[PDB]
$ cat input_32.pdb   # PDB, C-alpha atoms
ATOM      1  CA  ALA A   1      89.249 100.932 105.609
ATOM      2  CA  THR A   2      90.780 101.753 108.961
ATOM      3  CA  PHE A   3      94.016 100.199 110.185
ATOM      4  CA  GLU A   4      94.895 100.847 113.817
ATOM      5  CA  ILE A   5      98.702 100.466 114.105
ATOM      6  CA  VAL A   6      99.802  99.782 117.647
ATOM      7  CA  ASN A   7     103.311  99.632 118.987
ATOM      8  CA  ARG A   8     103.431  97.181 121.915
ATOM      9  CA  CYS A   9     107.274  96.983 121.666
ATOM     10  CA  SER A  10     109.311  98.381 124.531
ATOM     11  CA  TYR A  11     111.181 100.483 121.924
ATOM     12  CA  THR A  12     110.042 103.198 119.526
ATOM     13  CA  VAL A  13     109.180 102.116 115.978
ATOM     14  CA  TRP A  14     108.437 104.252 112.946
ATOM     15  CA  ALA A  15     105.397 102.713 111.286
ATOM     16  CA  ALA A  16     105.225 102.765 107.497
ATOM     17  CA  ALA A  17     102.363 102.187 105.069
ATOM     18  CA  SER A  18     102.713 102.109 101.292
ATOM     19  CA  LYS A  19     101.445 100.421  98.139
ATOM     20  CA  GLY A  20     104.894 100.579  96.454
ATOM     21  CA  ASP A  21     104.310 103.545  94.212
ATOM     22  CA  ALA A  22     102.518 105.809  96.735
ATOM     23  CA  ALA A  23     102.027 106.349 100.462
ATOM     24  CA  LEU A  24      98.941 104.919 102.183
ATOM     25  CA  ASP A  25      97.518 107.769 104.352
ATOM     26  CA  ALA A  26     100.517 109.888 105.569
ATOM     27  CA  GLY A  27     102.869 106.952 104.782
ATOM     28  CA  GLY A  28     104.721 106.885 108.104
ATOM     29  CA  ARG A  29     104.825 108.091 111.690
ATOM     30  CA  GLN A  30     106.765 107.665 114.898
ATOM     31  CA  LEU A  31     105.129 105.310 117.413
ATOM     32  CA  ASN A  32     106.665 105.399 120.896
ATOM     33  CA  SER A  33     106.101 102.322 123.082
ATOM     34  CA  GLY A  34     102.341 101.899 123.627
ATOM     35  CA  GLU A  35     101.254 104.442 120.987
ATOM     36  CA  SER A  36      98.417 103.787 118.498
ATOM     37  CA  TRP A  37      98.150 105.476 115.059
ATOM     38  CA  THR A  38      94.982 104.954 113.010
ATOM     39  CA  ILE A  39      95.241 105.283 109.260
ATOM     40  CA  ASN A  40      92.690 105.222 106.448
ATOM     41  CA  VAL A  41      93.395 103.046 103.410
ATOM     42  CA  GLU A  42      91.323 103.646 100.246
ATOM     43  CA  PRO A  43      88.969 100.763  99.320
ATOM     44  CA  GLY A  44      90.338  98.770  96.375
ATOM     45  CA  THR A  45      93.981  99.153  97.539
ATOM     46  CA  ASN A  46      95.967  96.295  95.956
ATOM     47  CA  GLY A  47      99.396  95.284  97.213
ATOM     48  CA  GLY A  48      99.394  97.456 100.316
ATOM     49  CA  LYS A  49     101.995  96.887 103.001
ATOM     50  CA  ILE A  50     102.508  98.012 106.601
ATOM     51  CA  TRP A  51     105.804  97.552 108.421
ATOM     52  CA  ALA A  52     107.895  98.826 111.336
ATOM     53  CA  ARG A  53     111.215 100.624 111.040
ATOM     54  CA  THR A  54     113.774 100.661 113.863
ATOM     55  CA  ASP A  55     116.530 103.081 114.931
ATOM     56  CA  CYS A  56     115.437 106.028 112.843
ATOM     57  CA  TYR A  57     116.699 109.601 112.765
ATOM     58  CA  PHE A  58     114.729 112.292 111.005
ATOM     59  CA  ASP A  59     115.371 116.004 110.762
ATOM     60  CA  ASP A  60     112.623 118.775 110.767
ATOM     61  CA  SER A  61     111.749 118.087 107.097
ATOM     62  CA  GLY A  62     111.106 114.342 107.607
ATOM     63  CA  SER A  63     114.420 113.258 106.029
ATOM     64  CA  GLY A  64     116.905 110.858 107.586
ATOM     65  CA  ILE A  65     117.601 107.145 107.948
ATOM     66  CA  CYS A  66     116.368 103.932 109.680
ATOM     67  CA  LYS A  67     118.520 100.871 110.393
ATOM     68  CA  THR A  68     115.676  98.559 109.252
ATOM     69  CA  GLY A  69     112.884  99.285 106.802
ATOM     70  CA  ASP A  70     114.165 102.646 105.534
ATOM     71  CA  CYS A  71     112.030 103.929 102.611
ATOM     72  CA  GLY A  72     114.375 106.263 100.685
ATOM     73  CA  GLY A  73     115.213 108.233 103.831
ATOM     74  CA  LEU A  74     111.684 109.519 104.404
ATOM     75  CA  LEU A  75     109.599 109.679 107.563
ATOM     76  CA  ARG A  76     106.496 109.545 105.340
ATOM     77  CA  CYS A  77     107.038 106.471 103.170
ATOM     78  CA  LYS A  78     106.017 106.607  99.527
ATOM     79  CA  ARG A  79     107.796 103.331  98.537
ATOM     80  CA  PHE A  80     108.594  99.937 100.157
ATOM     81  CA  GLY A  81     111.232  99.700 102.867
ATOM     82  CA  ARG A  82     114.715  98.295 102.788
ATOM     83  CA  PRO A  83     114.897  94.687 104.090
ATOM     84  CA  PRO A  84     114.814  93.210 106.652
ATOM     85  CA  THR A  85     111.145  94.057 107.200
ATOM     86  CA  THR A  86     108.401  91.871 108.605
ATOM     87  CA  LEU A  87     105.445  92.687 106.305
ATOM     88  CA  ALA A  88     101.691  92.994 106.918
ATOM     89  CA  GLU A  89     100.308  92.646 103.379
ATOM     90  CA  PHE A  90      96.826  93.373 102.098
ATOM     91  CA  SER A  91      94.646  93.709  99.043
ATOM     92  CA  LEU A  92      91.208  95.160  99.712
ATOM     93  CA  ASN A  93      87.935  94.873  97.820
ATOM     94  CA  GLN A  94      89.236  92.281  95.341
ATOM     95  CA  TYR A  95      86.036  90.942  93.830
ATOM     96  CA  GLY A  96      84.152  91.570  97.075
ATOM     97  CA  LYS A  97      86.783  90.185  99.442
ATOM     98  CA  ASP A  98      89.852  91.355 101.375
ATOM     99  CA  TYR A  99      93.092  89.317 101.501
ATOM    100  CA  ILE A 100      95.639  89.608 104.312
ATOM    101  CA  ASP A 101      98.895  87.902 105.180
ATOM    102  CA  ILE A 102     102.192  88.321 107.014
ATOM    103  CA  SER A 103     105.388  87.725 105.003
ATOM    104  CA  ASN A 104     109.026  87.053 105.864
ATOM    105  CA  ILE A 105     110.031  87.035 102.107
ATOM    106  CA  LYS A 106     111.810  90.392 102.715
ATOM    107  CA  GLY A 107     113.184  89.247 106.094
ATOM    108  CA  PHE A 108     112.134  90.010 109.627
ATOM    109  CA  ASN A 109     112.832  92.914 111.961
ATOM    110  CA  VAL A 110     109.916  93.277 114.380
ATOM    111  CA  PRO A 111     107.307  90.725 115.527
ATOM    112  CA  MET A 112     103.748  91.460 114.405
ATOM    113  CA  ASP A 113     100.091  90.470 114.670
ATOM    114  CA  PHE A 114      97.788  91.516 111.762
ATOM    115  CA  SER A 115      94.121  90.925 112.676
ATOM    116  CA  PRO A 116      90.725  92.192 111.539
ATOM    117  CA  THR A 117      88.876  94.389 114.064
ATOM    118  CA  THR A 118      85.540  93.497 112.341
ATOM    119  CA  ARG A 119      83.755  90.100 111.866
ATOM    120  CA  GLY A 120      84.301  87.236 109.448
ATOM    121  CA  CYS A 121      87.905  86.002 109.515
ATOM    122  CA  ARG A 122      90.900  85.245 111.744
ATOM    123  CA  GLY A 123      94.126  87.236 112.170
ATOM    124  CA  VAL A 124      97.677  86.169 111.263
ATOM    125  CA  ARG A 125     100.760  86.423 113.482
ATOM    126  CA  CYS A 126     104.539  86.096 113.388
ATOM    127  CA  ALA A 127     105.683  86.818 116.919
ATOM    128  CA  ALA A 128     108.607  84.391 117.453
ATOM    129  CA  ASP A 129     112.094  85.723 118.250
ATOM    130  CA  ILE A 130     113.403  85.443 114.688
ATOM    131  CA  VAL A 131     116.138  88.073 115.277
ATOM    132  CA  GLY A 132     117.511  86.237 118.296
ATOM    133  CA  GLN A 133     117.412  82.840 116.550
ATOM    134  CA  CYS A 134     118.551  84.146 113.113
ATOM    135  CA  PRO A 135     121.137  81.947 111.352
ATOM    136  CA  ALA A 136     124.606  83.588 111.335
ATOM    137  CA  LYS A 137     124.644  84.134 107.541
ATOM    138  CA  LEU A 138     121.270  85.930 107.534
ATOM    139  CA  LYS A 139     121.938  88.328 110.482
ATOM    140  CA  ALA A 140     121.805  91.935 109.284
ATOM    141  CA  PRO A 141     124.601  94.047 110.839
ATOM    142  CA  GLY A 142     122.183  96.992 110.674
ATOM    143  CA  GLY A 143     119.667  94.920 112.729
ATOM    144  CA  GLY A 144     117.193  92.103 111.899
ATOM    145  CA  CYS A 145     117.199  88.767 110.053
ATOM    146  CA  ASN A 146     117.541  89.065 106.272
ATOM    147  CA  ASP A 147     115.785  86.762 103.834
ATOM    148  CA  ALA A 148     118.139  84.578 101.702
ATOM    149  CA  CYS A 149     117.259  86.384  98.450
ATOM    150  CA  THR A 150     118.523  89.688  99.920
ATOM    151  CA  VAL A 151     121.730  88.057 101.132
ATOM    152  CA  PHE A 152     122.666  85.785  98.252
ATOM    153  CA  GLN A 153     120.784  87.062  95.137
ATOM    154  CA  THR A 154     120.302  83.630  93.512
ATOM    155  CA  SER A 155     117.443  82.451  91.259
ATOM    156  CA  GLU A 156     116.639  79.807  93.882
ATOM    157  CA  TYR A 157     116.164  82.161  96.841
ATOM    158  CA  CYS A 158     114.627  84.990  94.801
ATOM    159  CA  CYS A 159     112.400  82.618  92.812
ATOM    160  CA  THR A 160     113.366  84.497  89.713
ATOM    161  CA  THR A 161     112.040  81.875  87.224
ATOM    162  CA  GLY A 162     109.091  80.698  89.301
ATOM    163  CA  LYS A 163     110.543  77.178  89.775
ATOM    164  CA  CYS A 164     112.129  77.554  93.252
ATOM    165  CA  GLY A 165     111.576  75.242  96.219
ATOM    166  CA  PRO A 166     111.895  75.662  99.988
ATOM    167  CA  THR A 167     115.462  76.063 101.263
ATOM    168  CA  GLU A 168     117.334  75.619 104.566
ATOM    169  CA  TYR A 169     116.921  79.388 105.081
ATOM    170  CA  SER A 170     113.171  79.547 104.184
ATOM    171  CA  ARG A 171     112.565  76.562 106.484
ATOM    172  CA  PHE A 172     114.061  78.557 109.419
ATOM    173  CA  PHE A 173     111.490  81.375 108.919
ATOM    174  CA  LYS A 174     108.745  78.796 108.394
ATOM    175  CA  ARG A 175     109.651  76.879 111.557
ATOM    176  CA  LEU A 176     109.652  80.057 113.722
ATOM    177  CA  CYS A 177     106.574  81.454 111.939
ATOM    178  CA  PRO A 178     104.385  78.846 110.256
ATOM    179  CA  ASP A 179     101.670  81.461 109.571
ATOM    180  CA  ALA A 180     103.874  83.736 107.451
ATOM    181  CA  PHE A 181     105.228  83.392 103.890
ATOM    182  CA  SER A 182     108.826  82.104 104.108
ATOM    183  CA  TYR A 183     109.648  82.155 100.340
ATOM    184  CA  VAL A 184     107.903  83.373  97.129
ATOM    185  CA  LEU A 185     106.255  80.002  96.387
ATOM    186  CA  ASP A 186     105.397  79.026  99.915
ATOM    187  CA  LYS A 187     102.010  77.324 100.543
ATOM    188  CA  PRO A 188      99.819  80.437 101.015
ATOM    189  CA  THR A 189      98.889  81.562 104.498
ATOM    190  CA  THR A 190      96.662  84.372 103.100
ATOM    191  CA  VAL A 191      93.340  84.877 104.950
ATOM    192  CA  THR A 192      90.162  85.871 103.140
ATOM    193  CA  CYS A 193      88.189  88.513 104.997
ATOM    194  CA  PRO A 194      84.863  90.164 104.060
ATOM    195  CA  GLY A 195      85.349  93.084 101.643
ATOM    196  CA  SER A 196      85.733  96.416 103.498
ATOM    197  CA  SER A 197      86.922  94.858 106.789
ATOM    198  CA  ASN A 198      88.944  97.015 109.245
ATOM    199  CA  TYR A 199      92.218  95.933 110.858
ATOM    200  CA  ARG A 200      94.773  96.308 113.581
ATOM    201  CA  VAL A 201      98.521  95.759 113.083
ATOM    202  CA  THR A 202     100.267  95.258 116.468
ATOM    203  CA  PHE A 203     104.070  95.370 116.734
ATOM    204  CA  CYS A 204     105.454  93.043 119.485
ATOM    205  CA  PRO A 205     102.041  91.495 120.235
ATOM    206  CA  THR A 206     103.317  89.152 122.977
ATOM    207  CA  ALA A 207     105.791  91.368 124.878
TER
END
$ encode --input "input_32.pdb" --output "structure tokens"
Amino acid sequence: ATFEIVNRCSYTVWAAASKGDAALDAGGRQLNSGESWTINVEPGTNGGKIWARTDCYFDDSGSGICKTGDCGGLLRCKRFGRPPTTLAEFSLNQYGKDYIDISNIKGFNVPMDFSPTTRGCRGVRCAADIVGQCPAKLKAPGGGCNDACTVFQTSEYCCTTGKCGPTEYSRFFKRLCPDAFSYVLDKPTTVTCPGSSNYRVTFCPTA
């Protein structure tokens, strides 16, 4: 499956793509403002994620740090990034179908649109100014708007037991972005696409 990753932000982002235990394609790359990077994701990929990282520094070997979404200091991500990270999430070729969503469960850093480039389903978007509107207690000093589980580490926010409900903090993400997951047990906003669809992830889709 192809995923065209486009940076429409006025700032550079370092795109990342991983399934948690391995990179997807090269795993990461710098995207200056306006740049497009097309990756190939193996059919059958389950639990894949794409995200942006901001304010990165990498040396010649691809080692360094990002202020948001850092994946163990690597340019080429092999693991998930450090919150806050707006997430484009996907599972492909799952009994003949693809499943996509945007999630704020690990916070928000950069606005994003995640849409198919092929027929048969709609895209999902979280493009509101969540960083600007972020509640004081969730603001990440390193940049971004943290989720409440990251900040407070309680069973209720982290949905440790599976009993959790919505919270004042999850409702903030849900109000700004109704089409993204705001907590672990949120009412799903996952879209079913034909199996083997192709996609485009656009950072800062509106500006």
$ closest_atom_pairs --input "input_32.pdb" --of "range 87-158 of chain A" --to "range 42-62 of chain A" --cutoff "10 Å" --atoms "all atoms listed in the file" --output "CSV"
residue,atom,partner,partner_atom,distance
A:87,CA,A:51,CA,5.3
A:88,CA,A:50,CA,5.1
A:89,CA,A:49,CA,4.6
A:90,CA,A:48,CA,5.1
A:91,CA,A:46,CA,4.2
A:92,CA,A:44,CA,5.0
A:93,CA,A:44,CA,4.8
A:94,CA,A:44,CA,6.7
A:95,CA,A:44,CA,9.3
A:96,CA,A:44,CA,9.5
A:97,CA,A:44,CA,9.8
A:98,CA,A:44,CA,9.0
A:99,CA,A:46,CA,9.4
A:100,CA,A:48,CA,9.6
A:101,CA,A:49,CA,9.8
A:102,CA,A:49,CA,9.5
A:103,CA,A:49,CA,10.0
A:108,CA,A:51,CA,9.9
A:109,CA,A:52,CA,7.7
A:110,CA,A:52,CA,6.6
A:111,CA,A:52,CA,9.1
A:112,CA,A:51,CA,8.8
A:114,CA,A:50,CA,9.5
A:142,CA,A:55,CA,9.3
A:143,CA,A:54,CA,8.3
A:144,CA,A:54,CA,9.4
$ write_last_selection --input "input_32.pdb" --atoms "C-alpha atoms" --output "PDB file, in the frame of the given file"
ATOM      1  CA  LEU A  87     105.445  92.687 106.305  1.00  0.00           C
ATOM      2  CA  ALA A  88     101.691  92.994 106.918  1.00  0.00           C
ATOM      3  CA  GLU A  89     100.308  92.646 103.379  1.00  0.00           C
ATOM      4  CA  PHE A  90      96.826  93.373 102.098  1.00  0.00           C
ATOM      5  CA  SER A  91      94.646  93.709  99.043  1.00  0.00           C
ATOM      6  CA  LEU A  92      91.208  95.160  99.712  1.00  0.00           C
ATOM      7  CA  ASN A  93      87.935  94.873  97.820  1.00  0.00           C
ATOM      8  CA  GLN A  94      89.236  92.281  95.341  1.00  0.00           C
ATOM      9  CA  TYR A  95      86.036  90.942  93.830  1.00  0.00           C
ATOM     10  CA  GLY A  96      84.152  91.570  97.075  1.00  0.00           C
ATOM     11  CA  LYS A  97      86.783  90.185  99.442  1.00  0.00           C
ATOM     12  CA  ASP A  98      89.852  91.355 101.375  1.00  0.00           C
ATOM     13  CA  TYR A  99      93.092  89.317 101.501  1.00  0.00           C
ATOM     14  CA  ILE A 100      95.639  89.608 104.312  1.00  0.00           C
ATOM     15  CA  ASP A 101      98.895  87.902 105.180  1.00  0.00           C
ATOM     16  CA  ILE A 102     102.192  88.321 107.014  1.00  0.00           C
ATOM     17  CA  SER A 103     105.388  87.725 105.003  1.00  0.00           C
ATOM     18  CA  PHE A 108     112.134  90.010 109.627  1.00  0.00           C
ATOM     19  CA  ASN A 109     112.832  92.914 111.961  1.00  0.00           C
ATOM     20  CA  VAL A 110     109.916  93.277 114.380  1.00  0.00           C
ATOM     21  CA  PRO A 111     107.307  90.725 115.527  1.00  0.00           C
ATOM     22  CA  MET A 112     103.748  91.460 114.405  1.00  0.00           C
ATOM     23  CA  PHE A 114      97.788  91.516 111.762  1.00  0.00           C
ATOM     24  CA  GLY A 142     122.183  96.992 110.674  1.00  0.00           C
ATOM     25  CA  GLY A 143     119.667  94.920 112.729  1.00  0.00           C
ATOM     26  CA  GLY A 144     117.193  92.103 111.899  1.00  0.00           C
TER      27      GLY A 144
END
$ resolve_selection --input "input_32.pdb" --expression "the PyMOL selection byres ((chain A and resi 168-185) around 6)" --output "list in words"
residues 102, 103, 104, 105, 126, 128, 166, 167, 186 and 189 of chain A
$ write_last_selection --input "input_32.pdb" --atoms "C-alpha atoms" --output "compact mmCIF listing (two decimals), in the frame of the given file"
# COMPACT_ATOMS: atom_id res chain seq x y z
CA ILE A 102 102.19 88.32 107.01
CA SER A 103 105.39 87.72 105.00
CA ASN A 104 109.03 87.05 105.86
CA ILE A 105 110.03 87.04 102.11
CA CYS A 126 104.54 86.10 113.39
CA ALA A 128 108.61 84.39 117.45
CA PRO A 166 111.90 75.66 99.99
CA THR A 167 115.46 76.06 101.26
CA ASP A 186 105.40 79.03 99.92
CA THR A 189 98.89 81.56 104.50
$ closest_residue --input "input_32.pdb" --among "A:204, A:66, A:149, A:164" --to "residue 137 in chain A" --atoms "only C-alpha atoms"
A:149
$ atom_distance --input "input_32.pdb" --atom1 "CA of residue 12 in chain A" --atom2 "CA of residue 151 in chain A"
26.5 Å
$ atom_distance --input "input_32.pdb" --atom1 "CA of residue 18 in chain A" --atom2 "CA of residue 165 in chain A"
28.7 Å
$ atom_distance --input "input_32.pdb" --atom1 "CA of residue 19 in chain A" --atom2 "CA of residue 77 in chain A"
9.7 Å
$ resolve_selection --input "input_32.pdb" --expression "the PyMOL selection byres ((chain A and resi 22) around 10)" --output "MDAnalysis selection string"
chainID A and resid 17:21 23:27 48 77:80
$ resolve_selection --input "input_32.pdb" --expression "the PyMOL selection byres ((chain A and resi 198) around 7)" --output "list in words"
residues 1, 2, 3, 116, 117, 118, 196, 197 and 199 of chain A
$ closest_residue --input "input_32.pdb" --among "A:125, A:8, A:187, A:106" --to "residue 37 in chain A" --atoms "all atoms listed in the file"
A:8
